[PDB]
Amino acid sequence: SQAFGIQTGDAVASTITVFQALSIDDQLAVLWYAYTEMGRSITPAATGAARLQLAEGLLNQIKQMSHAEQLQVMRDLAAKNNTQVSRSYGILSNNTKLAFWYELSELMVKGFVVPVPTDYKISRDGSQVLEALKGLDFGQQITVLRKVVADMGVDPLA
């Protein structure tokens, strides 16, 4: 094991790194396909963290935009563009950020938020990241997803 100073490998840390190197479009698609692959285990009431005053208002703000505006908002989050939505997002706690993305997906399933085109093709790199995440256990999956969405938006101490 650790007797020559070697590390076998950090599956969680490495998945986070390759995810964050993806294009913005691949990031959003991979997040969506992660939701479809764990949406059963995680239950719509098992969240208990998107009905807080902070997240609820941002979700309703996005819900009212046009589909084109909604997509631009999520691209801006992933790209860390300094906009009001990105600033509001960045003051959410990390679990609230996770619950926020989960509720966006539920709103897409319900038809209130722009859907993922099923003819959007994830790139080779994106497919490799999706496969890596699907090969992690459910607990490592939570850890990766939390870090990846935690870094989105604008840092309030930026």
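All residue numbers are counted from 1 along the displayed sequence.
Engineer: Comparing 58 to 66 with 45 to 53, where is the mean C-alpha B-factor higher?
Structural biologist: Result of the comparison: 45 to 53.
Engineer: Comparing 22 to 30 with 97 to 105, which has the greater mean CA B-factor as deposited?
Structural biologist: On average, C-alpha B-factors are higher across 97 to 105.
Engineer: Sort 121, 110, 124, 40 by C-alpha B-factor from the entry and give me just the highest.
Structural biologist: Result of the comparison over 121, 110, 124, 40: 40.
Engineer: Thinking about Cα B factors across the chain, which third does residue 150 belong to?
Structural biologist: Middle third - that is where residue 150 ends up once the chain's C-alpha B-factors are sorted.
Engineer: Name the third of the chain's ranked CA B-factors that contains residue 129, choosing lowest, middle or highest.
Structural biologist: It falls in the bottom third of the chain.
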